[PDB]
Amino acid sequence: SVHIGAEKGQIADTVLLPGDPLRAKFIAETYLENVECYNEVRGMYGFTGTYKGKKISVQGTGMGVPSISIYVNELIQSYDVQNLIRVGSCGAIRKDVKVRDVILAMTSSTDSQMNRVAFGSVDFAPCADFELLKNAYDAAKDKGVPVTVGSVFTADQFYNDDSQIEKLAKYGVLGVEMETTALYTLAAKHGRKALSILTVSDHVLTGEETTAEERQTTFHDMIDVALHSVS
C-alpha cells in the first residue's frame, strides 16, 4: 500500500490503533512478544508480535480524520485486517466523566465533512461493533476497571474558535478526540469490526489537567481492555 511498507501476512487480523507512533512502539515492546516492525514509512511505525500466543499488530495513525483514514483504508484493503481498535485519549467535556474512567465509544458526532461528502442531507451516525464493545466492557467489569459507555466527538480542529463542546456535553457527549468517526465509518463500509477505547487527557471546560501518574494508570487499563476485546 502507498503509506505502509509491509508485506503479505506481516500484519495481524487484529490491529491496535494509537495516534502516536512512539506509543505504538511503546505498546508493542511493553505488551507483546516476538515483535517485528513492519512499517517505518513517514516514521508512522507499525509492529506485529504475540499476546498469549496470538498475533496482534499495533499501528500509529497520526492525528485527525484524514490521517487515520489513510491507515485504516490501507489496513483493510491491502492487508485484510478484520478488527481495528483505536486506543487513545480524549478531552472530557463533562464533570461526570472521571479522570480514571475508560471510555468505550458507541458512536461519535463530528464536524468533519467526510460523511456529508458521501451522504449530503443525511446525518450518518457511525456505529461501534457491538461484539468488540461488549467484550471490552466485560473485560473491564471482570477486573473492576471503571468503564463508561457513550458517545464522543470527532473534531477536525484541536484549536477551534467555533467549538460546540458546551452544547455537545449537554446532549450527553463524553469527550472530544480526532479519529473515531473515520475509524467507525470506514470499518463498517468494508464489513470489518471497529471499536475506540479512550482515556481522559483533561477536562477541556475546566482546563483541569490529569496527572502523569493518572495517565500512566489509565493507559495500562486501556491496553489491558484492548487485549481482551476480540472474540
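All residue numbers are counted from 1 along the displayed sequence. Rigid core (definition): largest C-alpha set, two forms, superposition within 1.5 Å.
- Greater average departure of CA atoms from the shown form, over structures and residues in 9 other deposited structures of this protein after a core fit, characterises 205 to 213 among 14 to 22 and 205 to 213.
- Remark: when the other structures in 9 other deposited structures of this protein are fitted onto this one via the rigid core, 96 to 104 deviates more than the alternative among 109 to 117 and 96 to 104, judged by RMS CA distance.
- For the pair 75 to 83 and 121 to 129, the mean B factor over Cα atoms is greater in 75 to 83.
- Comparing the deposited coordinates for 20 to 28 and 208 to 216, the stretch with the larger average C-alpha B-factor is 208 to 216.
- Among 60, 53, 172, 66, the highest C-alpha B-factor in the deposited entry belongs to 53.
- Residue-level temperature factors show residue 116 in the lowest third of its chain, judged at the C-alpha atom.
- When the modelled residues of the chain are ordered by C-alpha B-factor, residue 106 sits in the lowest third.
- Among the modelled residues of its chain, residue 93 has a C-alpha B-factor that falls in the middle third according to the deposited record.
- Placement of the Cα temperature factor of residue 44 within the chain: middle third of the modelled residues, per the deposited record.
- Placement of the Cα temperature factor of residue 136 within the chain: middle third of the modelled residues, per the deposited record.
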